[PDB]
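Trainee: Below is one structure. I have some questions about it.
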Amino acid sequence: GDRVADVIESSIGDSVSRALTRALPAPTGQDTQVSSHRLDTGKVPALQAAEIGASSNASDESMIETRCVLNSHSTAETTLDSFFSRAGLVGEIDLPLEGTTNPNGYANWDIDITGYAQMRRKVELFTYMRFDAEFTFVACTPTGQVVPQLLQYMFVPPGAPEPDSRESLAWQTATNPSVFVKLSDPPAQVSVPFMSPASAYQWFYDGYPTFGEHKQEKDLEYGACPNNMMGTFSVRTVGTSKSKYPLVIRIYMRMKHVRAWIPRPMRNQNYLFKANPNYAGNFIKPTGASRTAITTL
Amino acid sequence: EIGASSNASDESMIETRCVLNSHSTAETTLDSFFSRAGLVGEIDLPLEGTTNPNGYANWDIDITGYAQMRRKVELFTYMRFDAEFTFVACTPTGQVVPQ
Amino acid sequence: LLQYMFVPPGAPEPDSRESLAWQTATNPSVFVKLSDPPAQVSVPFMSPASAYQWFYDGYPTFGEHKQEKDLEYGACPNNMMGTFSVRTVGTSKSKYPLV
Amino acid sequence: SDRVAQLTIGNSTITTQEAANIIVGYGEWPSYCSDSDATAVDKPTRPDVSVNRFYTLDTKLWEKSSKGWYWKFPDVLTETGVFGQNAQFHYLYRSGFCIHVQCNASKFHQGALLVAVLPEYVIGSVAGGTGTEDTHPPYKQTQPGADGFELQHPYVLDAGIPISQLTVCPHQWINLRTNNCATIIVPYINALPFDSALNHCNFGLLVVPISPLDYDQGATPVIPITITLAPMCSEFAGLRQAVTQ
Amino acid sequence: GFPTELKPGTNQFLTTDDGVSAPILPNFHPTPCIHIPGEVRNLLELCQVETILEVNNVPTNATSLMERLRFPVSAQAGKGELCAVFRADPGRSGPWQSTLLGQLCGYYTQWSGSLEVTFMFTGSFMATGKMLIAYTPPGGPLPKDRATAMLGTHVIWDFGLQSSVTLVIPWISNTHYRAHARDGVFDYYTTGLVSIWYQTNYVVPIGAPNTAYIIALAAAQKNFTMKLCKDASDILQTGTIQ
Amino acid sequence: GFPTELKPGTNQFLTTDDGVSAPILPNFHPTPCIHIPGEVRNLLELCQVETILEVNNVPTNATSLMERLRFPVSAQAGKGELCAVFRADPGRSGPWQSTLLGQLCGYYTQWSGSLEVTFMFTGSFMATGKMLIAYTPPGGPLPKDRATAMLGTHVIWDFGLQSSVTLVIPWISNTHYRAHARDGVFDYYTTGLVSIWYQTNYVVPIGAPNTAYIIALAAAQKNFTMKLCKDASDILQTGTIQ
Amino acid sequence: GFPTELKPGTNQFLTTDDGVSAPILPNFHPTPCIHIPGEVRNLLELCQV
Amino acid sequence: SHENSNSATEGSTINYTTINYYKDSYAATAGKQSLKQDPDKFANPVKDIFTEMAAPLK
Amino acid sequence: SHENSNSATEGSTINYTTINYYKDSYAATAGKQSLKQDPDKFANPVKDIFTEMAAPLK
Ligand SMILES: CCCCCCCCCCCCC/C=C/[C@H](O)[C@H](N)CO
Ligand SMILES: CCCCCCCCCCCCC/C=C/[C@H](O)[C@H](N)CO
């Protein structure tokens, strides 16, 4: 009844092998002879050599422990977490008593990396990443003087509406987690989990309840001014009215549990915009400091 | 079909889940539903006026203060839960005072 | 509020309050109000050898005795090594003298 | 498969003989691949054959004034190329590949190329003043054709990424001096378990002549470049639309 | 005082936390709860209990509210026209907004709004005829004829002895739902559709009525789950709630 | 209250620390990460992957940007002159600034910028000739002739069937890099050098081209390590980044 | 908050004390000290030379 | 016990496991040397073989 | 030991037990996998039986 079938795409033989646990290296190799050692014997100069092997005080004997330096410091400040060590000042939200920047107390901010070009440079060596997040908040007057006042913080998950006015019920809500603390108290250490809808951070169609990706016909990547609905922040001044002091809030983001994938060449042009790595195609520049000649330095 | 249950039932040679461990998969229980703590009471004390002139202010537990909370809580007939409360006091302009 | 920061050897010198070296990411910094208890802190062994000894140990350039390729000046901060920096937190001046 | 099916020609412009040049690393089709997982109410299937043979798209010519060319995937798997009979209907796609590049020249020519595959190679366009943050990504540039497209500024890779550090990705050095073969294998690379048939274009293939082509007068002034590919382990499924019959 | 350390995270207040509580009445023992049946263990098992679904949601008045639930299958045209179509979006608008599955979807962000359905026929006893039910996968246009809809996936109903049919929807996830860094820039949303076609005319012996009514059900099964608890936003208020 | 002690280190804030965090969303389980290939384990294994290196970094315009990478070996003089020289400083300026090893060195203070290199020849097929490659240890002057450079350490290349050569640099640490208690007083910096000498003239049969091009590579191995994580300082900004 | 007690000795500062320190640079490993001769163990053995 | 990724899928085998603990005695996600699912260090039968003499057939 | 509901009555068998503990090492009311009164997972003798052939008597 059935007359057609073909898949193949297989190989047979030495696929796998025995199962052991021997994580200790042993003397490997020795020597082998070739020919008459000469300088200009005719074929090739500058001949080679070989060794046998040894691994610290573990492998082979442990009679003498003569390391290069008598235990100066640690030798592993190169991992991914080590690279992503500090916590840079990402957010610099400013609240005046009166003015045009933030008159109604409310101030909306969202997570991004383009705020720091250096941070973007350091973070765009790869394609796929997966990390947690933390945040710390410091509030001070422009002249640096603590005052008695209460503040309201809240995190906004992706796709949640935007609280615009102080009277917005989104301030009340129940689902958006909120934090209350006086500014005289120590800063508000807090963590944020991995909120992406995939296994790695990558933009395109990931935001908005509607469609997305390239070549729009059914969606706008605008969402008014808050483009790319994602994890944002909100902050008020607690009170039925205005406050009595100017405020200068600050943010401190810090990665943790960092894992990368697929490295790529870093960058050799100045950044121009957000979410669109353009460059100065008419003002293309070299990379290193060029010298005069090649024969001389 | 026949049947299989994760890496427990049958073999455990390969563990190919749908997503490489994105997050937890149990944010649906009753407690998960009743997660946040909503602002139920908004008692207001003026220095002088008509609302609460004599300092005292009486309030009682209820749910009708929030229609959304009542909607969420009236899906059933019988319930049995504990309770907690937290209190925050501030001036209308938001300035702590010694009292 | 005050801002403290440690500067490892060979790092640039923050001269003005507007210097981005104040911002940085690599120089560890400490923030604490002065009304709080003092800021206890530790500093590891930062020398490039197995013991403290001057001569050619500072500057990205050369050093030691009989200079021909380097100056042990580095402007005023001679012998670039572990230094400290301190500001007054604020977009402007402060209201009190400090010691 | 084999070397025949519809396209049976096995002799290019130089009409070469004396065996072939492949230089195999793996052991003759090292097994099948996986199926992964999902998190929705969708599930794909397999088309088996009719995509298991070889394909040889058009040959682009190398000259002294050349700058380099690039390709996008799976743009050439669609109607933009030889195929296009089972590429625009379904919704999900995923496959490995067996890409082979064969050049040809006499013993009197000089120059050297460079092949490289850059996953998620999103072009930043020519830019240079075309102020665009997020309005409308182009379709007339990112999908040139099965012929590829000549680069504008190879040093910055027409995106701003330096050409010097390219060798991080898998790569071979096409050198006119000694050999003419280039075989590369690229597995599936995507964050999501399965890709779409739309603007989620996978890795792009780059070919840049670093060592310029040169010769003496009287010889052949142009050297052809052949491109062949083999879609190991491909799938196709997914479709739902308006009035059906 | 004690060999402790000042903690740079205290003195604050979180709304989604827990910790050492404080009982106020020590001398207390609440009434021991006896086993009353109908104890619900999870917010699920409400997402797969059958609930009737409105499709003919044309009327908006008060008296005619009834026929929002069922639709006619009378015998006027019976060869190749369409009965009704809809989407598969649970918590946006339209049909699923009326059932319980959509009502529960209105409390999360990761939904399906899919899987098995059921159609119950109310023909008298002597009605015969065949209906064509087809499903269109996401990212596809609805067929312009019955032949095109016949392709892909479909099922042919009948009225002889069926009185029921349970089509099931598959589940597929390929693209990005919403990756808005800001709102008002992206409007790209699409979903598969379901259609009903008159296969053959509605046969009836002389004496039986002409118009019947097909009802529709809705449910799910144990594959998909809801996620990302977000606060529901509604208008189910009147302001004056004394 | 409790039998504790007041702690004279709390209430402060450190930027390079860790401690008891505070999750905000308990009901959450992020997507389980499947095994996607190309997972990088350490910032290393980028410091020994071959990357082409520019030496003829004379041009500074836009069109002529290409030949910064390779240099000519044409046959005009072929007995005893010099081709090109450079230093071994990774993260200061010049050649290594263009490769990936120097780019990674620009993030630390304890570097080497050394070890094996590679040269790939692009002669047509029929070019013969011998090149002299020599390395000068630190604290030494570059030889004024080919004979002096021949001494010490060196290697003689050829074009018959080589098409490649991999010289390796040793690693030596004797003096003090920078012991500046203040800047502007010390300017004593030096490093070994590498030179290329025309051993014999560039032979070619009548019919082949005259000028060829040698390319150069760069990599390391598993001996040296980077240290003292310091913040990189650059100018890769434009101010206007909307 | 916790079942603790207010401690009537904290908040002060002593000049001849010790306690929980605070390192600033986690990614660090100072040079491993090799055995250089002439290591002095105690302020004594200078009082009888 | 042990969880494959977290709930049903595969891929986060030795990547993500468990969740968290109290604010004083907490932990994280990692792997140990004992009590694994399966050690992946089993291969490398050949290590040095013959020095040079492989196959001078041509 | 074990309490039936809390004092005398029945119904809160595996619902409410014990009260509380200190402010640092506390607990709540739940059930375990070992040390029960009686496991209630004992039923289901039949699981698949004959495929279709039950009783075509009419
Ligand atoms: C829509 C913005 C990017 C457009 C495409 C350009 C490059 C595509 C791949 C990189 C962009 C997404 C992948 C993640 C990159 C960075 O690591 C993320 N911003 C992490 O925060
Ligand atoms: C350049 C300053 C010293 C010039 C040489 C004079 C004496 C040389 C040996 C002593 C100076 C370096 C060795 C260390 C001495 C003191 O213990 C260090 N300052 C420790 O802080």
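Following the order of the structure tokens, first chain is A, next is B, and so on, with residues numbered from 1 inside each chain and ligands from 1 in the order they appear.
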Counting only C-alpha atoms, a student should be able to say which residues of chain H come within 12 Å of chain F; what is the right answer, written as a list in words?

Mentor: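 Written out as asked, the residues are residues 3, 4, 5, 6, 7, 8, 9, 10, 11, 12, 13, 14, 15, 16, 17, 18, 19, 20, 21, 22, 23, 24, 25, 26, 27 and 28 of chain H.
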
Trainee: Would you write out those residues with N, CA and C atoms, as a short mmCIF file (atom, residue, chain, number, x, y, z; two decimals), in the first residue's frame?

Mentor:
```cif
data_model
loop_
_atom_site.label_atom_id
_atom_site.label_comp_id
_atom_site.auth_asym_id
_atom_site.auth_seq_id
_atom_site.Cartn_x
_atom_site.Cartn_y
_atom_site.Cartn_z
N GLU H 3 14.05 19.06 39.39
CA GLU H 3 13.16 19.58 38.36
C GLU H 3 13.94 19.73 37.06
N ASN H 4 13.28 19.46 35.94
CA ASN H 4 14.00 19.41 34.67
C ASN H 4 14.37 20.81 34.18
N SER H 5 13.39 21.63 33.81
CA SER H 5 13.72 23.04 33.62
C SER H 5 13.18 23.88 34.76
N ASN H 6 11.85 24.02 34.84
CA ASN H 6 11.19 24.34 36.11
C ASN H 6 9.93 23.51 36.29
N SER H 7 9.13 23.38 35.22
CA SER H 7 7.86 22.67 35.33
C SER H 7 7.74 21.47 34.40
N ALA H 8 7.82 21.69 33.08
CA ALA H 8 7.62 20.62 32.11
C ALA H 8 8.75 20.54 31.09
N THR H 9 9.24 21.68 30.59
CA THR H 9 10.09 21.67 29.41
C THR H 9 11.52 21.25 29.75
N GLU H 10 12.34 21.13 28.71
CA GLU H 10 13.73 20.76 28.84
C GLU H 10 14.62 21.88 28.30
N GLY H 11 15.88 21.84 28.71
CA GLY H 11 16.84 22.84 28.28
C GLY H 11 17.49 23.56 29.44
N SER H 12 16.70 23.90 30.46
CA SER H 12 17.24 24.48 31.68
C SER H 12 17.55 23.37 32.67
N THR H 13 18.33 22.38 32.23
CA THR H 13 18.58 21.19 33.03
C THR H 13 19.44 21.51 34.24
N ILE H 14 20.66 21.99 34.00
CA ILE H 14 21.57 22.36 35.08
C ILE H 14 21.72 23.87 35.11
N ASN H 15 20.74 24.58 34.55
CA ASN H 15 20.78 26.03 34.50
C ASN H 15 19.96 26.66 35.62
N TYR H 16 18.69 26.28 35.74
CA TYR H 16 17.80 26.82 36.76
C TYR H 16 17.21 25.69 37.59
N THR H 17 17.34 25.81 38.91
CA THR H 17 16.77 24.86 39.85
C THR H 17 16.49 25.57 41.16
N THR H 18 15.43 25.13 41.85
CA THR H 18 14.96 25.72 43.10
C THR H 18 14.60 27.19 42.93
N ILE H 19 14.20 27.86 44.01
CA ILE H 19 13.81 29.26 43.91
C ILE H 19 14.59 30.16 44.87
N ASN H 20 14.40 29.98 46.17
CA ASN H 20 14.95 30.90 47.16
C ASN H 20 14.74 30.35 48.57
N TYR H 21 15.09 31.15 49.57
CA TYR H 21 14.97 30.80 50.98
C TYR H 21 14.69 32.03 51.84
N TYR H 22 14.91 31.92 53.15
CA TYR H 22 14.69 33.03 54.08
C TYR H 22 15.64 34.18 53.81
N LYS H 23 15.46 35.30 54.53
CA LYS H 23 16.31 36.47 54.35
C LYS H 23 17.64 36.39 55.08
N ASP H 24 17.82 35.40 55.95
CA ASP H 24 19.09 35.20 56.64
C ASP H 24 19.89 34.02 56.10
N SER H 25 19.22 32.90 55.79
CA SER H 25 19.89 31.72 55.22
C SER H 25 19.29 31.45 53.85
N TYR H 26 19.88 32.07 52.83
CA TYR H 26 19.43 31.95 51.46
C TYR H 26 20.47 31.22 50.61
N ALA H 27 20.17 31.07 49.32
CA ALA H 27 21.02 30.33 48.39
C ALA H 27 20.72 30.82 46.97
N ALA H 28 21.25 30.11 45.98
CA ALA H 28 21.12 30.50 44.57
C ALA H 28 21.08 29.23 43.72
#
```

Trainee: Which neighbours of residue 18 in chain F fall inside 12 Å, counting only C-alpha atoms, when residues of the same chain fewer than 4 positions from it are skipped, and could you give them as a VMD selection string?

Mentor: (chain A and resid 85 to 87 134 to 136 189 to 191 254 to 256) or (chain E and resid 7 to 9) or (chain F and resid 13 to 14 22) or (chain G and resid 22 to 26)

Trainee: Report as a short mmCIF file (atom, residue, chain, number, x, y, z; two decimals) with N, CA, C and O atoms, in the first residue's frame the set of chain F residues whose atoms approach chain E to within 7 Å, with distances computed over only C-alpha atoms.

Mentor:
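Below you can see iface22.cif, which holds the result:
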```cif
data_model
loop_
_atom_site.label_atom_id
_atom_site.label_comp_id
_atom_site.auth_asym_id
_atom_site.auth_seq_id
_atom_site.Cartn_x
_atom_site.Cartn_y
_atom_site.Cartn_z
N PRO F 3 19.36 41.55 72.88
CA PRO F 3 20.72 41.66 73.42
C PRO F 3 21.76 41.91 72.34
O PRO F 3 22.72 41.14 72.19
N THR F 4 21.59 42.99 71.59
CA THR F 4 22.42 43.30 70.44
C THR F 4 23.43 44.39 70.79
O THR F 4 23.54 44.81 71.95
N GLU F 5 24.16 44.85 69.79
CA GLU F 5 25.15 45.90 69.96
C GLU F 5 25.01 46.88 68.80
O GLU F 5 24.73 46.46 67.67
N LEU F 6 25.17 48.17 69.08
CA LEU F 6 25.13 49.15 68.00
C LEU F 6 26.34 48.96 67.09
O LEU F 6 27.47 48.83 67.56
N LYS F 7 26.08 48.93 65.78
CA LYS F 7 27.10 48.52 64.82
C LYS F 7 27.67 49.74 64.11
O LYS F 7 26.93 50.42 63.39
N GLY F 9 29.07 50.50 61.42
CA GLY F 9 29.33 50.42 60.00
C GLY F 9 28.08 50.42 59.15
O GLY F 9 28.16 50.35 57.92
N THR F 10 26.92 50.48 59.79
CA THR F 10 25.66 50.36 59.07
C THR F 10 25.22 51.75 58.60
O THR F 10 25.95 52.73 58.70
N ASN F 11 24.01 51.81 58.04
CA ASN F 11 23.36 53.05 57.61
C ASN F 11 24.06 53.67 56.41
O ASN F 11 23.61 54.69 55.88
N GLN F 12 25.16 53.06 55.96
CA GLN F 12 25.91 53.60 54.83
C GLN F 12 25.42 52.98 53.53
O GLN F 12 24.39 52.31 53.51
N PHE F 13 26.16 53.21 52.45
CA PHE F 13 25.79 52.66 51.15
C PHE F 13 27.05 52.48 50.33
O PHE F 13 27.81 53.43 50.13
N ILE F 24 10.01 41.45 44.13
CA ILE F 24 8.76 42.20 44.18
C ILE F 24 7.58 41.36 43.70
O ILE F 24 6.45 41.59 44.13
N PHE F 28 5.79 34.33 40.13
CA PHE F 28 6.44 34.46 38.84
C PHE F 28 7.37 33.27 38.63
O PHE F 28 7.96 32.76 39.58
#
```

Trainee: Determine which residues of chain F sit within 7 Å of chain D, taking into account only C-alpha atoms, and present them as a PyMOL selection string.

Mentor: chain F and resi 49-53+65-66+99-100+122-125+207-209

Trainee: Store the residues picked out above in a file with C-alpha atoms, as an mmCIF file, in the first residue's frame.

Mentor:
```cif
data_model
loop_
_atom_site.group_PDB
_atom_site.id
_atom_site.type_symbol
_atom_site.label_atom_id
_atom_site.label_comp_id
_atom_site.auth_asym_id
_atom_site.auth_seq_id
_atom_site.Cartn_x
_atom_site.Cartn_y
_atom_site.Cartn_z
ATOM 1 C CA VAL F 49 40.875 33.920 18.651
ATOM 2 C CA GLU F 50 42.655 35.087 15.513
ATOM 3 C CA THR F 51 41.884 38.643 14.398
ATOM 4 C CA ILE F 52 43.524 40.473 11.518
ATOM 5 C CA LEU F 53 45.866 43.279 12.540
ATOM 6 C CA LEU F 65 40.755 52.716 4.400
ATOM 7 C CA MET F 66 41.295 49.229 2.982
ATOM 8 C CA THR F 99 42.332 44.010 17.116
ATOM 9 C CA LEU F 100 40.167 42.410 19.798
ATOM 10 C CA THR F 122 49.098 36.261 -1.041
ATOM 11 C CA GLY F 123 51.706 35.706 -3.748
ATOM 12 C CA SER F 124 50.173 34.304 -6.902
ATOM 13 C CA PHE F 125 51.639 30.817 -7.053
ATOM 14 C CA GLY F 207 54.221 36.809 -16.585
ATOM 15 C CA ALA F 208 53.250 37.008 -12.919
ATOM 16 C CA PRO F 209 52.462 40.289 -11.135
#
```

Trainee: Which polymer residues have any atom within 12 Å of an atom of residue 55 in chain B, counting only C-alpha atoms, with same-chain residues fewer than 5 positions away left out, as a ChimeraX atom specification?

Mentor: /B:43-50

Trainee: Can you write just those residues out, N, CA, C and O atoms, as a PDB file, in the first residue's frame?

Mentor:
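Saved as part.pdb:
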```pdb
ATOM      1  N   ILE B  43      -8.704  57.221  56.014  1.00  0.00           N
ATOM      2  CA  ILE B  43      -9.188  58.093  57.079  1.00  0.00           C
ATOM      3  C   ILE B  43      -8.439  59.417  57.053  1.00  0.00           C
ATOM      4  O   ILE B  43      -7.213  59.459  56.890  1.00  0.00           O
ATOM      5  N   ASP B  44      -9.179  60.511  57.214  1.00  0.00           N
ATOM      6  CA  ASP B  44      -8.624  61.854  57.117  1.00  0.00           C
ATOM      7  C   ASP B  44      -8.913  62.622  58.397  1.00  0.00           C
ATOM      8  O   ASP B  44     -10.054  62.634  58.870  1.00  0.00           O
ATOM      9  N   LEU B  45      -7.883  63.255  58.951  1.00  0.00           N
ATOM     10  CA  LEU B  45      -7.996  64.011  60.193  1.00  0.00           C
ATOM     11  C   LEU B  45      -7.550  65.449  59.969  1.00  0.00           C
ATOM     12  O   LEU B  45      -6.341  65.700  59.823  1.00  0.00           O
ATOM     13  N   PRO B  46      -8.459  66.416  59.938  1.00  0.00           N
ATOM     14  CA  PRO B  46      -8.056  67.816  59.815  1.00  0.00           C
ATOM     15  C   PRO B  46      -7.749  68.435  61.171  1.00  0.00           C
ATOM     16  O   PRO B  46      -8.122  67.917  62.225  1.00  0.00           O
ATOM     17  N   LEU B  47      -7.039  69.563  61.122  1.00  0.00           N
ATOM     18  CA  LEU B  47      -6.819  70.341  62.335  1.00  0.00           C
ATOM     19  C   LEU B  47      -8.133  70.905  62.860  1.00  0.00           C
ATOM     20  O   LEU B  47      -8.425  70.819  64.058  1.00  0.00           O
ATOM     21  N   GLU B  48      -8.938  71.485  61.975  1.00  0.00           N
ATOM     22  CA  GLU B  48     -10.288  71.905  62.314  1.00  0.00           C
ATOM     23  C   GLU B  48     -11.178  71.675  61.101  1.00  0.00           C
ATOM     24  O   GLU B  48     -10.703  71.561  59.968  1.00  0.00           O
ATOM     25  N   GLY B  49     -12.480  71.606  61.353  1.00  0.00           N
ATOM     26  CA  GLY B  49     -13.433  71.386  60.284  1.00  0.00           C
ATOM     27  C   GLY B  49     -14.657  70.622  60.736  1.00  0.00           C
ATOM     28  O   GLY B  49     -15.025  70.665  61.914  1.00  0.00           O
ATOM     29  N   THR B  50     -15.299  69.916  59.808  1.00  0.00           N
ATOM     30  CA  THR B  50     -16.517  69.179  60.109  1.00  0.00           C
ATOM     31  C   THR B  50     -16.367  67.670  60.001  1.00  0.00           C
ATOM     32  O   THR B  50     -17.158  66.945  60.608  1.00  0.00           O
TER      33      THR B  50
END
```

Trainee: What is the distance between CA of residue 75 in chain F and CA of residue 206 in chain F, in Å to one decimal?

Mentor: 13.1 Å

Trainee: With only C-alpha atoms as the basis for distance, which of E:109, E:42, E:174, E:153 is at the shortest distance from chain B?

Mentor: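 For chain B, the nearest of the given residues is E:42.
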
Trainee: Find the spatial neighbours of range 140-149 of chain E, counting only C-alpha atoms, within a cut-off of 7 Å - ignore same-chain residues fewer than 3 positions away - and output them as a PDB file with N, CA, C and O atoms, in the first residue's frame.

Mentor:
```pdb
ATOM      1  N   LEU D 239      -0.554  27.462   9.078  1.00  0.00           N
ATOM      2  CA  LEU D 239      -1.320  28.291   8.157  1.00  0.00           C
ATOM      3  C   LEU D 239      -2.755  28.423   8.654  1.00  0.00           C
ATOM      4  O   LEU D 239      -3.383  27.428   9.026  1.00  0.00           O
ATOM      5  N   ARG D 240      -3.257  29.663   8.659  1.00  0.00           N
ATOM      6  CA  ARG D 240      -4.653  29.979   8.956  1.00  0.00           C
ATOM      7  C   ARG D 240      -4.971  31.401   8.496  1.00  0.00           C
ATOM      8  O   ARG D 240      -4.235  32.346   8.804  1.00  0.00           O
ATOM      9  N   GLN D 241      -6.044  31.553   7.716  1.00  0.00           N
ATOM     10  CA  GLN D 241      -6.339  32.817   7.045  1.00  0.00           C
ATOM     11  C   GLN D 241      -7.838  32.987   6.805  1.00  0.00           C
ATOM     12  O   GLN D 241      -8.659  32.351   7.472  1.00  0.00           O
ATOM     13  N   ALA D 242      -8.198  33.852   5.853  1.00  0.00           N
ATOM     14  CA  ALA D 242      -9.583  34.146   5.509  1.00  0.00           C
ATOM     15  C   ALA D 242     -10.184  32.983   4.729  1.00  0.00           C
ATOM     16  O   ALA D 242      -9.639  31.877   4.774  1.00  0.00           O
ATOM     17  N   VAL D 243     -11.300  33.227   4.033  1.00  0.00           N
ATOM     18  CA  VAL D 243     -12.163  32.171   3.499  1.00  0.00           C
ATOM     19  C   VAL D 243     -11.345  31.009   2.948  1.00  0.00           C
ATOM     20  O   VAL D 243     -10.415  31.195   2.154  1.00  0.00           O
ATOM     21  N   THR D 244     -11.685  29.800   3.387  1.00  0.00           N
ATOM     22  CA  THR D 244     -10.904  28.596   3.146  1.00  0.00           C
ATOM     23  C   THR D 244     -11.697  27.599   2.310  1.00  0.00           C
ATOM     24  O   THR D 244     -12.928  27.549   2.349  1.00  0.00           O
ATOM     25  N   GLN D 245     -10.961  26.791   1.560  1.00  0.00           N
ATOM     26  CA  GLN D 245     -11.555  25.778   0.708  1.00  0.00           C
ATOM     27  C   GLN D 245     -10.518  24.724   0.348  1.00  0.00           C
ATOM     28  O   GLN D 245     -10.789  23.800  -0.414  1.00  0.00           O
TER      29      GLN D 245
ATOM     30  N   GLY E  80     -23.631  27.305  -0.753  1.00  0.00           N
ATOM     31  CA  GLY E  80     -22.266  27.758  -0.569  1.00  0.00           C
ATOM     32  C   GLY E  80     -22.009  29.060   0.161  1.00  0.00           C
ATOM     33  O   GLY E  80     -20.974  29.685  -0.082  1.00  0.00           O
ATOM     34  N   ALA E 134     -14.637  24.960   9.678  1.00  0.00           N
ATOM     35  CA  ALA E 134     -13.229  25.035   9.325  1.00  0.00           C
ATOM     36  C   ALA E 134     -12.523  26.010  10.251  1.00  0.00           C
ATOM     37  O   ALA E 134     -13.134  26.940  10.785  1.00  0.00           O
ATOM     38  N   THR E 136      -8.909  28.434  10.579  1.00  0.00           N
ATOM     39  CA  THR E 136      -7.806  29.043   9.860  1.00  0.00           C
ATOM     40  C   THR E 136      -6.662  29.338  10.812  1.00  0.00           C
ATOM     41  O   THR E 136      -6.858  30.054  11.802  1.00  0.00           O
ATOM     42  N   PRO E 137      -5.472  28.810  10.555  1.00  0.00           N
ATOM     43  CA  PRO E 137      -4.327  29.072  11.430  1.00  0.00           C
ATOM     44  C   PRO E 137      -3.974  30.547  11.443  1.00  0.00           C
ATOM     45  O   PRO E 137      -4.407  31.307  10.565  1.00  0.00           O
ATOM     46  N   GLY E 192      -5.835  33.737  14.136  1.00  0.00           N
ATOM     47  CA  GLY E 192      -6.609  32.854  13.284  1.00  0.00           C
ATOM     48  C   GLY E 192      -8.103  32.991  13.502  1.00  0.00           C
ATOM     49  O   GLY E 192      -8.533  33.592  14.491  1.00  0.00           O
ATOM     50  N   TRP E 197     -19.915  27.123   7.269  1.00  0.00           N
ATOM     51  CA  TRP E 197     -20.385  27.159   5.891  1.00  0.00           C
ATOM     52  C   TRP E 197     -21.576  26.233   5.713  1.00  0.00           C
ATOM     53  O   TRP E 197     -21.589  25.120   6.247  1.00  0.00           O
TER      54      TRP E 197
END
```

Trainee: Distance limit 6 Å, reference ligand 1, atoms considered: only C-alpha atoms and all ligand atoms. Which residues make the cut? Give them as JSON, numbers by chain.

Mentor: {"A": [123, 124, 127, 128, 201, 202, 203, 204, 275, 276], "D": [122]}

Trainee: Would you name the residues within 12 Å of ligand 2, counting only C-alpha atoms and all ligand atoms, and put them as JSON, numbers by chain?

Mentor: {"C": [45, 46, 47, 49, 50, 51, 52, 53, 54, 55, 56, 57, 58, 63, 64, 65, 72, 78, 79, 81], "F": [179, 180, 181]}

Trainee: Now that the selection is made, can you save its residues with C-alpha atoms as a tab-separated table (two decimals), in the first residue's frame?

Mentor:
```
chain	number	residue	atom	x	y	z
C	45	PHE	CA	46.73	44.82	49.38
C	46	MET	CA	47.08	46.98	46.26
C	47	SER	CA	50.77	46.74	45.59
C	49	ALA	CA	54.78	43.31	44.16
C	50	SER	CA	55.14	41.18	47.29
C	51	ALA	CA	56.09	44.12	49.53
C	52	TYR	CA	55.77	47.89	49.78
C	53	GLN	CA	58.73	49.60	48.11
C	54	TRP	CA	58.79	52.73	45.95
C	55	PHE	CA	60.87	53.66	42.83
C	56	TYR	CA	59.41	52.52	39.51
C	57	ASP	CA	55.99	51.36	40.68
C	58	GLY	CA	53.71	54.23	39.66
C	63	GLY	CA	60.24	55.39	36.27
C	64	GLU	CA	63.06	54.31	38.64
C	65	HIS	CA	66.31	56.26	39.00
C	72	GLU	CA	58.01	61.32	38.73
C	78	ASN	CA	53.37	62.58	42.23
C	79	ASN	CA	53.62	58.79	42.31
C	81	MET	CA	48.85	55.33	43.73
F	179	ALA	CA	54.82	53.80	40.49
F	180	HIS	CA	53.50	57.36	40.25
F	181	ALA	CA	52.64	58.90	43.58
```
